[PDB]
S.K.: 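Pasting in a structure now, in structure tokens, and then I'll have a few things to ask.
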Protein chains: 2
Amino acid sequence: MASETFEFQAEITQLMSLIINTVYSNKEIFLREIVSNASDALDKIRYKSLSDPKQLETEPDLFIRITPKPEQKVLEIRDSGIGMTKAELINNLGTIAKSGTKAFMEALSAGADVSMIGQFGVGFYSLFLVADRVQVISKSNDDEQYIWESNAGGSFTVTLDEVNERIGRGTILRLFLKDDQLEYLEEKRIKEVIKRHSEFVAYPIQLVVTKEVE
Amino acid sequence: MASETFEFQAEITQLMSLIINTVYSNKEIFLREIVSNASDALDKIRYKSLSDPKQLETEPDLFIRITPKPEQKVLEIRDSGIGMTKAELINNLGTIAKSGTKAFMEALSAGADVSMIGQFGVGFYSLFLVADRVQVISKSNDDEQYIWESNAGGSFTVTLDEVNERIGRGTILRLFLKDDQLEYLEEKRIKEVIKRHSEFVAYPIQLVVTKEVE
Ligand SMILES: Nc1ncnc2c1ncn2[C@@H]1O[C@H](COP(=O)(O)OP(=O)(O)O)[C@@H](O)[C@H]1O
Ligand SMILES: Nc1ncnc2c1ncn2[C@@H]1O[C@H](COP(=O)(O)OP(=O)(O)O)[C@@H](O)[C@H]1O
């Protein structure tokens with residue numbers, strides 16, 4: 001299964017190391033951005049389903065699910081939202097200019113809290129506060145399952161997915177956490193971050209935890 | 001306290017008797033539109049509060065509250081959302097052309113479900129399925145409390161509010177129910193309608209009920 005490679009729009013590349021190369025204190029904000037994005041994609045499929053009810057049948061349950069994979073130093077965040085086709089992944093996650101990218105960077109220079117990233121419509125890129133590599137695994141009703149992958153350099157890849165679990169519909173954000181941000185694999189830390197910043201979310205937030213039988 | 005009178009945009013007046021003069025079966029949909037509008041106004045104040053936290057201090061609790069007043073044949077639906085100033089009430093609730101009004105009426109003629117009214121951005125006017133008169137009582141952080149009132153004719157009034165309970169911030173939709181839609185004053189009916197159409201709402205929905213002490 002052959003990967004295709006794409007270049008990021010210049011300012012997005014600039015943003016990603018303005019982010020991956022911050023001191024910044026309040027790195028936990030990366031999870032509120034993901035949950036907020038997940039909730040929007042779930043909004044979209046629900047809104048779409050108003051006039052096309054069958055769109056929901058590929059995955060009738062509407063949820064956000066967080067799954068630590070400590071052996072792999074990975075945190076996953078799944079939603080059963082609208083998903084992205086191959087062309088959406090390429091268009092929406094890097095090739096096309098985002099309206100607020102340059103404005104956000106300008107605001108950051110002037111002293112804005114990184115927390116405002118969401119208000120500039122580029123909150124997706126905050127994942128690079130905690131992760132040096134990411135896969136977005138996504139299944140839209142309108143396409144096959146694909147994997148988009150980035151290590152914050154100037155190119156990303158998109159590959160037809162023949163290696164991951166089948167998602168009915170929606171997206172898995174798969175974060176390869178930095179060796180110093182491994183706290184985010186912990187059940188108590190996750191819970192704490194969710195209650196602080198994601199209080200008004202209309203969908204269940206599920207946490208998957210593994211325990212030894214004693 | 002002197003009322004001012006305003007004329008509705010022509011097509012809105014047309015819509016209001018296309019609605020108040022329907023047979024239509026599924027009139028319960030009027031409550032999902034109100035809850036959806038309440039949730040949006042709560043979204044707006046929360047979104048606004050991201051960069052102006054003090055906006056929330058006029059009413060720190062974020063809620064939708066439904067209160068039957070059977071003696072008056074009234075149903076109220078309150079939210080602690082962003083509210084509307086006098087100028088917003090005049091602009092947003094009747095004087096200015098809404099993008100979907102004529103399109104909705106055209107779709108209705110072709111056989112669309114009245115339920116689609118929300119998708120055309122004119123869902124507010126569905127209240128006239130069950131009510132022959134309405135007051136919108138509203139308090140924005142940016143203005144005094146005002147009352148907008150309509151009986152579905154071609155004019156509405158706006159009055160400085162010196163007669164209703166003070167709301168900290170937000171809106172009371174006060175419906176004067178038709179003599180044949182009094183079922184909507186009933187605790188069990190309300191509950192049933194809410195669970196069917198308002199399952200993914202991020203705010204608590206509170207129901208106020210009066211019971212005799214036995
Ligand atoms: N979980 C997801 N499901 C579907 N689409 C997504 C998801 N996460 C991000 N996207 C897409 O990426 C775009 C960029 O996300 P982001 O930078 O947070 O900006 P926005 O404010 O538009 O969400 C979104 O508009 C959306 O189309
Ligand atoms: N509870 C409320 N609080 C504040 N504003 C409201 C409320 N209900 C309605 N509005 C205002 O009236 C407008 C018209 O409502 P509606 O016809 O449902 O269309 P929309 O799809 O814009 O909500 C809204 O955009 C909003 O500005």
Side-chain angles (χ1 to χ4, degrees), chain A residues 46-47 49-50 53 56 60-63 199-204, chain B residues 16 19-43 59 61-70 72-81 113-119 122-138 149-152 164-165 167 170-194 196-210 212-213:
Chain A
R46 203 157 49 77
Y47 185 97
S49 67
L50 295 167
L56 292 182
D61 295 335
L62 303 179
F63 64 85
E199 170 180 11
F200 298 100
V201 170
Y203 304 98
Chain B
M16 294 182 297
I19 293 163
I20 224 209
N21 296 303
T22 353
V23 175
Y24 183 80
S25 39
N26 195 39
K27 278 166 200 205
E28 81 177 21
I29 60 158
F30 83 92
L31 183 61
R32 108 152 197 283
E33 289 310 321
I34 290 158
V35 172
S36 165
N37 288 158
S39 179
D40 294 339
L42 285 156
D43 286 348
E59 172 58 88
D61 295 335
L62 303 179
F63 64 85
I64 303 173
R65 186 176 303 147
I66 300 164
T67 309
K69 301 184 163 177
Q72 306 141 244
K73 295 171 170 194
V74 155
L75 180 65
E76 289 180 2
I77 309 82
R78 175 162 177 187
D79 65 79
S80 43
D113 203 331
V114 184
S115 175
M116 282 192 67
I117 190 170
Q119 296 170 252
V122 295
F124 171 79
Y125 299 98
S126 57
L127 68 94
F128 292 105
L129 300 167
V130 298
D132 49 0
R133 167 192 181 193
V134 52
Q135 295 168 353
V136 175
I137 300 156
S138 189
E149 177 172 22
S150 176
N151 54 16
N164 294 308
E165 73 176 315
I167 89 206
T171 301
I172 301 181
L173 200 53
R174 178 179 285 163
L175 304 180
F176 295 74
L177 291 179
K178 286 157 144 153
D179 274 350
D180 66 284
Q181 306 284 319
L182 295 190
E183 81 204 59
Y184 297 104
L185 296 173
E186 255 105 77
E187 167 188 15
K188 192 174 172 317
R189 188 63 182 125
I190 297 159
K191 279 210 191 109
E192 179 197 351
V193 173
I194 291 295
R196 188 156 44 222
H197 296 287
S198 300
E199 170 180 11
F200 298 100
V201 170
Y203 304 98
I205 302 168
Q206 304 166 347
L207 182 56
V208 180
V209 186
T210 312
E212 195 167 327
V213 167

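Chain A is the first sequence line, chain B the second, and so forth, proteins listed ahead of strands; every chain is numbered from 1.
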S.K.: Quick one: list whatever passes side chain to side chain contact (heavy atoms under 4.5 Å, CB included) with B:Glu33, sequence neighbours left out.
M.R.: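 If we apply the side chain to side chain contact (heavy atoms under 4.5 Å, CB included) test to B:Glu33, skipping adjacent residues, the hits are B:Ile117, B:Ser126.
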S.K.: Please identify each residue that fulfils side chain to side chain contact (heavy atoms under 4.5 Å, CB included) with B:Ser36, with sequence neighbours left out.
M.R.: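 Only B:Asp40 meet the side chain to side chain contact (heavy atoms under 4.5 Å, CB included) criterion with B:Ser36.
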S.K.: Looking only at heavy atoms, which two atoms of B:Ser80 and B:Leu62 are closest? And how far apart?
M.R.: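 In terms of heavy atoms, the two residues are closest at OG-CA, 3.4 Å.
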S.K.: Under 4.5 Å between any side-chain heavy atoms of B:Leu175 and B:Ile77, yes or no?
M.R.: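 When only atoms from C-beta onward are counted, B:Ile77 and B:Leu175 do touch, with a gap below 4.5 Å.
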S.K.: Rounded to the nearest 0.5 Å, what separates atom CZ in B:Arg133 from atom NZ in B:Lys178?
M.R.: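 It is 15.0 Å, given to the nearest 0.5 Å.
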S.K.: Step by step, would you call B:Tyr184 with B:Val130 a side-chain contact (heavy atoms from CB on, under 4.5 Å)?
M.R.: CA-CA 9 Å; B:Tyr184 297 104; B:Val130 298; 3.8 Å; yes
S.K.: Check whether any side-chain heavy atom of B:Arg196 lies under 4.5 Å from a side-chain heavy atom of B:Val193, and answer yes or no.
M.R.: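 With C-beta onward as the side chain, the pair touches.
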S.K.: Can you tell me how far the CG atom of B:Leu31 sits from the CG atom of B:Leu127, to the nearest 0.5 Å?
M.R.: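 Atom-to-atom, B:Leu31:CG and B:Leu127:CG are 11.5 Å apart.
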S.K.: Which heavy-atom pair separates B:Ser138 from B:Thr171 by the least distance, and what is that distance?
M.R.: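 Looks like OG-OG1, 3.1 Å.
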S.K.: Just jot down the side chain to side chain contact (heavy atoms under 4.5 Å, CB included) partners of B:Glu183, sequence neighbours excluded, or say none.
M.R.: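 Side chain to side chain contact (heavy atoms under 4.5 Å, CB included) check on B:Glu183 returns B:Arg189.
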S.K.: Please name the pair of heavy atoms, one in B:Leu185 and one in B:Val74, separated by the smallest distance, quoted to 0.1 Å.
M.R.: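 For B:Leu185 and B:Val74, the tightest heavy-atom pair comes out as CD2-O, 3.1 Å.
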S.K.: Supply the atom-to-atom distance B:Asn37 CG to B:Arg32 CZ, rounded to the nearest 0.5 angstrom.
M.R.: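 The CG atom of B:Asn37 sits 10.0 Å away from the CZ atom of B:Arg32.
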S.K.: Rounded at 0.5 Å granularity, tell me how far CG in B:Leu177 sits from NZ in B:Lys69.
M.R.: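 The distance works out to 12.5 Å.
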S.K.: Please tell me if the side chains of B:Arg174 and B:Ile137 come closer than 4.5 Å, counting only heavy atoms from C-beta onward.
M.R.: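 Answer yes - side chains close enough.
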S.K.: B:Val35 versus B:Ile205: any side-chain heavy-atom pair under 4.5 Å?
M.R.: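 Yes, their side chains come closer than 4.5 Å.
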S.K.: So do B:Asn151 and B:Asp132 actually touch side chain to side chain, heavy atoms under 4.5 Å?
M.R.: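 No, their side chains stay 4.5 Å or more apart.
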S.K.: With the side chain counted from C-beta on, respond yes when B:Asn26 and B:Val114 share a heavy-atom pair under 4.5 Å apart, and no when they do not.
M.R.: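 Not in contact.
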S.K.: Working to the nearest 0.5 angstrom, can you tell me the gap between B:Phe124 CZ and B:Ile34 CD1?
M.R.: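 The CD1 atom of B:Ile34 is 8.5 Å from CZ of B:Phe124, to the nearest 0.5 Å.
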S.K.: For B:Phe128, which residues count as a ring pair (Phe, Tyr, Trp, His ring centres under 6.0 Å) partner, sequence neighbours excluded?
M.R.: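 Testing B:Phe128 for ring pair (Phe, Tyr, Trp, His ring centres under 6.0 Å), a comparison that skips the adjacent residues, returns none.
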S.K.: In chain order, what residues pass the ring pair (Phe, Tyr, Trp, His ring centres under 6.0 Å) check against B:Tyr203, with sequence neighbours excluded?
M.R.: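 Partners of B:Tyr203 by the ring pair (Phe, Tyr, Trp, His ring centres under 6.0 Å) criterion, ordered by chain and then number, come out as A:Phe200.
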S.K.: Search all heavy atoms of B:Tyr24 against all heavy atoms of B:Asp113 and return the closest pair with its distance.
M.R.: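 Answer, listing the atom of B:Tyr24 first, then B:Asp113: OH-OD1, 2.7 Å.
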S.K.: Can you name the side chain to side chain contact (heavy atoms under 4.5 Å, CB included) partners of B:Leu207, sequence neighbours left out?
M.R.: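 Expected list: B:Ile66, B:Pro68, B:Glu187, B:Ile190, B:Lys191, B:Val209.
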S.K.: How far does CZ of B:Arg78 sit from CD of B:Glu165, to the nearest 0.5 angstrom?
M.R.: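 Rounded to the nearest 0.5 Å, the CZ-CD separation comes to 5.0 Å.
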